[PDB]
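Below is one structure. I have some questions about it.
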Ligand SMILES: Cc1cc2nc3c(=O)[nH]c(=O)nc-3n(C[C@H](O)[C@H](O)[C@H](O)COP(=O)(O)O)c2cc1C
Ligand SMILES: Cc1cc2nc3c(=O)[nH]c(=O)nc-3n(C[C@H](O)[C@H](O)[C@H](O)COP(=O)(O)O)c2cc1C
Ligand code: NI
């Protein structure tokens, strides 16, 4: 007998799967579809205080090894997602995360002040997007978390861009550990500012920023696993959510082995739609069956070093 | 049409833009001779320290479907060895030679450069100074290092860079590099640092040092490499860019050059296939150029179209 159940943040989740923020979670229809899916949870599109059109198109391109995008935070605005969380989400089906991505400290502070009562009343959980990106400037990062912690009377998580050396893992973890309200860390947002060139057209493939954009998919799995495990080790008091390169149950298995509690799906979900979650739960159970595991706790964070 | 892969830079002529990446098949005399005998346009010797280094415990390199992961730890025969190869053994009649230097402190690099100067003068060996927390990730330390080396090394040289991941960092690094006219080329990029490969079957990491964390190469890194190549191509118009990262085919090389590359270095692919790869890559790049109606590299270098 097996189970994908996860228990964390005073909630129970049927399985660890959820969408990545930015993917299939912008409109009412999308949020409802995520709620009706087999996913264990969902997160609403990273929001700004007011609606944002986002960058000019094309701004997303699917690729053999993943995706590249420079969406530019298109979203319906904070009021919209707050109302979804306050009055529409069926918390009886699954828990809900709200992703917040204010463009200044002030914006985050203002939104958090209003989110507080809805979190208290309904149980929505904040995922604060820190992905130059806030998390790549340690002073800006400390300031952001100080501000939010000061005005937001609840636990929350942070969505991180990837780091690429131990000095940075140490520096980031030192900061995160100074904030006990940060109860989860989502690793990772894209690998930033890659450049895809189409040999046939001799051109870039997205319009904004001269073709530079965030990489997702197969490209990022080892970087994601690195960041998941690095923070799993360095922030023992916190949960880690995995994000990056999940297409299969086996991929998800790797995230959990590295330390992941929840596993977010981006590029693969963009291409397949919310039905992917039935496939992913099935595949992960199958991997666990073949390896003789009954629960996620049996192998979470147990990757073997040499 | 008669096409040419010729490249001209730093008072040298290169038959084609291809060379090995530093770290790959360039450690021993036998390897250096084989690179020289190959169809490559050039070669670079293994990044050296002042004295020989055994490197990290094995396993420390693993080939992967989408590339490679490694934590070699700078195993090398020592500066004396590569200096001797450059001064006395290398056939400059066959192709130009780059020497990769990777001191573990600013002082080590300074002392090696003092001694390399005479050999650069006499034989024409070209320095690629490895700046890959990595020196290049510490802007003050980077400026400091380039100042100290420029002070003692009266020759043009290049720097090998780790990748950056945002415009603010592209600008900051370019600003520093633009302070040093002796830095005539920039090699982008070394490796995507500290990835972690986990083998689902064994439920373990695949290399031994650093709990399995190591540098990524191959298919994983091509868009990051192209971004860095083009970012510096744009921001350092007075310098040349050498590409490194994700080259398996002539088409990949075409992309490097489109992004701004003058020379194109081959790492993971070369590790897996050996030096015969250069015959294949030259032939493939010429084929790509023939199909796209280009005769020379200068016709499309850095000409990637934005939308
Ligand atoms: C179309 C698109 C939009 C995204 N927007 C957001 C976003 O609003 N907030 C966020 O934290 N991450 C955003 N991201 C990054 C994803 O959340 C995720 O971190 C990344 O795609 C890695 O997962 P993948 O490898 O599964 O694609 C976006 C990604 C894509 C592809
Ligand atoms: C085995 C191995 C050893 C390496 N050692 C060095 C080195 O000594 N000096 C250096 O600048 N880069 C070193 N690197 C990085 C490579 O030069 C190259 O930048 C990287 O592998 C990306 O190219 P690829 O995608 O073609 O593998 C090494 C890479 C590999 C795979
Ligand atoms: Ni930094």
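Looking at region B:168-191, is at least one residue within 16 Å of ligand 1 (Cβ to nearest atom) and over 25 Å from residue B:306 (Cα atoms)?
First, pick out the residues of region B:168-191 that are within 16 Å of ligand 1 (Cβ to nearest atom): none.
Within region B:168-191, not a single residue is within 16 Å of ligand 1 (Cβ to nearest atom) and over 25 Å from residue B:306 (Cα atoms).
Which residues, counting only those in region A:146-167, are within 16 Å of ligand 1 (Cβ to nearest atom) and either more than 14 Å from chain B (Cβ to nearest Cβ) or part of a helix (DSSP H, G or I) (or both)?
Matches in region A:146-167: A:148, A:156, A:157, A:158, A:159.
Moving to a separate point now. Checking residue A:207 against (1) away from ligand 3 (no atom under 16 Å from the Cβ); (2) farther than 18 Å from residue A:303 by Cα; (3) crowded, with 21+ Cβ neighbours inside 10 Å; (4) within 9 Å of chain B (Cβ to nearest Cβ), which test does it fail?
Of the numbered conditions (1) away from ligand 3 (no atom under 16 Å from the Cβ); (2) farther than 18 Å from residue A:303 by Cα; (3) crowded, with 21+ Cβ neighbours inside 10 Å; (4) within 9 Å of chain B (Cβ to nearest Cβ), the odd one out for residue A:207 is (3).
Among (1) out of contact with any strand residue (DSSP E or B) (no Cβ under 8 Å at 6 or more places or on another chain); (2) surrounded by fewer than 16 Cβ atoms within 10 Å (Cβ to Cβ); (3) within 14 Å of chain A (Cβ to nearest Cβ), where does residue B:202 come up short?
Among (1) out of contact with any strand residue (DSSP E or B) (no Cβ under 8 Å at 6 or more places or on another chain); (2) surrounded by fewer than 16 Cβ atoms within 10 Å (Cβ to Cβ); (3) within 14 Å of chain A (Cβ to nearest Cβ), the lone unmet condition for residue B:202 is (1).
Still on this structure: Restrict the check to region B:121-138 and report whether at least one residue is over 14 Å from the mean Cα position of the chain (by Cα), away from chain A (no Cβ under 14 Å), crowded, with 18+ Cβ neighbours inside 10 Å and not in a helix (DSSP H, G or I). Before the answer, list the steps.
Here is the first cut: in region B:121-138, the residues over 14 Å from the mean Cα position of the chain (by Cα) are B:121-125, B:133-138.
Subset that is away from chain A (no Cβ under 14 Å): B:121-125.
Remaining after also requiring crowded, with 18+ Cβ neighbours inside 10 Å: B:125.
If we keep only those that are not in a helix (DSSP H, G or I) too, we end up with B:125.
Taking every residue of region B:121-138 in turn, at least one turns out to be over 14 Å from the mean Cα position of the chain (by Cα), away from chain A (no Cβ under 14 Å), crowded, with 18+ Cβ neighbours inside 10 Å and not in a helix (DSSP H, G or I).
Could you please find all residues in region B:291-307 being more than 14 Å from chain A (Cβ to nearest Cβ) and exposed (fewer than 15 other Cβ atoms within 10 Å of the Cβ)?
B:295, B:296
In the set A:114, A:59, A:52, which member is away from ligand 2 (no atom under 16 Å from the Cβ), within 14 Å of chain B (Cβ to nearest Cβ) and surrounded by fewer than 24 Cβ atoms within 10 Å (Cβ to Cβ)?
The conditions single out A:59.
I would also like to ask the following. Can you say whether residue A:86 is within 14 Å of chain B (Cβ to nearest Cβ) and surrounded by fewer than 22 Cβ atoms within 10 Å (Cβ to Cβ), as far as the supplied structure shows?
Values: within 14 Å of chain B (Cβ to nearest Cβ): no; surrounded by fewer than 22 Cβ atoms within 10 Å (Cβ to Cβ): yes.
For residue A:86, the condition - within 14 Å of chain B (Cβ to nearest Cβ) and surrounded by fewer than 22 Cβ atoms within 10 Å (Cβ to Cβ) - is not met.
Looking at region B:10-63, what strands (runs of 3 or more DSSP E) fall wholly within it and have at least 2 residues that are over 18 Å from residue B:132 (Cα atoms) and touching a strand residue (DSSP E or B) at 6+ places or on another chain (Cβ under 6 Å)?
B:18-20
Restricting to region A:223-256, what's the tally of residues that are within 7 Å of another protein chain (Cβ to nearest Cβ) and closer than 22 Å to residue A:297 by Cα?
Of the residues in that region, 6 qualify.
Then there's this: Would you mention how many residues in region A:147-165 are more than 21 Å from residue A:9 (Cα to Cα) and either more than 16 Å from ligand 3 (Cβ to nearest atom) or touching a strand residue (DSSP E or B) at 6+ places or on another chain (Cβ under 7 Å) (or both)?
Number satisfying all stated conditions: 5.
FYI, it's all coordinate maths here, none of it is from the lab. Neighbour counts are summed over all protein chains in view; Cβ atoms, including those assigned to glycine, are modelled from backbone coordinates with ideal geometry.
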